[PDB]
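Shown next are two forms of a single protein chain, provided one at a time as structure tokens under the names structure 1 and structure 2.
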Structure 1
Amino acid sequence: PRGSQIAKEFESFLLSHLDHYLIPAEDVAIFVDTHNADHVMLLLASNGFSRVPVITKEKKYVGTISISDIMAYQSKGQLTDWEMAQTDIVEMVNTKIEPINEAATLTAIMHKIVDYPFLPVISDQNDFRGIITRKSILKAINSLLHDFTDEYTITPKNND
């Protein structure tokens, strides 16, 4: 059979704080597929971002990029610094984090946010809608842990 779902009461409460875990595309730092390998490497080391979403000039999701992705590509094809200043990031884009849909179940988001630091949210047409981070989920989880008892009563159950 299929696995367990999160309690309907928890899913109901968290869906009243949707604004918290979904971070819109306009508030998320991104790189374009046509951007320079060396330039985004210098930028990733200055900003100190583990990995950043890569999108196209028409705002469509491509993958993610990190310093370790660029550095692995440099070793793989023995590319010099001058050659890296002429290479776009399309060729070294990480596609391991499978993007979730806008209509994803909160039970799936909770399972996937454990595995990845962030989940890119896309439309059925692959338009980058934004990201869901471990931090934004924990903000909503924190409100749940403090305010769940405002609309709900929890009583212990004895199974013995």
Structure 2
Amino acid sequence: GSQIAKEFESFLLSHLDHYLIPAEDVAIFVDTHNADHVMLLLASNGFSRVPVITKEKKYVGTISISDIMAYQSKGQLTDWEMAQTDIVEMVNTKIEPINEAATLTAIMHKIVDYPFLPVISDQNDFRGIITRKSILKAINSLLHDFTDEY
């Protein structure tokens, strides 16, 4: 009864960096890379959607193969033309990044609509991502601790 409630206080008031997949371990795209090779790398990494950053590691947005395809068809561009265009042009900006100072309660409410959230500093530096898998793993470790009592 007692130890159960405090484990939740220590969970709810815990830091965001406990659940973060650091920027080094996040497959990203530099906004100046060509679109044809991005379509190629996305087929090799296997991720449906990845973050887009600048050379200074500043957050721009996210990209998927769908985004690249929508741009090519909307602009009627050829395959060769795409290999001469950078990602900036077709970058998705719909996902609003979360600050690294964000509460875990604030994470819980946002991660219900997003498979992942990109994490930024106050100066728009890319810090990594919060995935639903990371949060789900944290919930499972917590439940693992309450099955110890009864």
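Every residue number counts along structure 1's sequence, beginning with 1. Here, rigid core means the biggest group of C-alpha atoms that superpose within 1.5 Å across both forms.
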item	value
Yes/no, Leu14 Cα shift of 2 Å or more between structures 1 and 2 with rigid core fixed	yes
C-alpha positional change at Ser46 between structures 1 and 2 - rigid core reference, Å	2.4
Between structures 1 and 2, C-alpha offset at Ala29 (rigid core aligned, Å)	1.0
Value in Å for the CA shift of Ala72 between structures 1 and 2, taken after the core is superposed	0.3
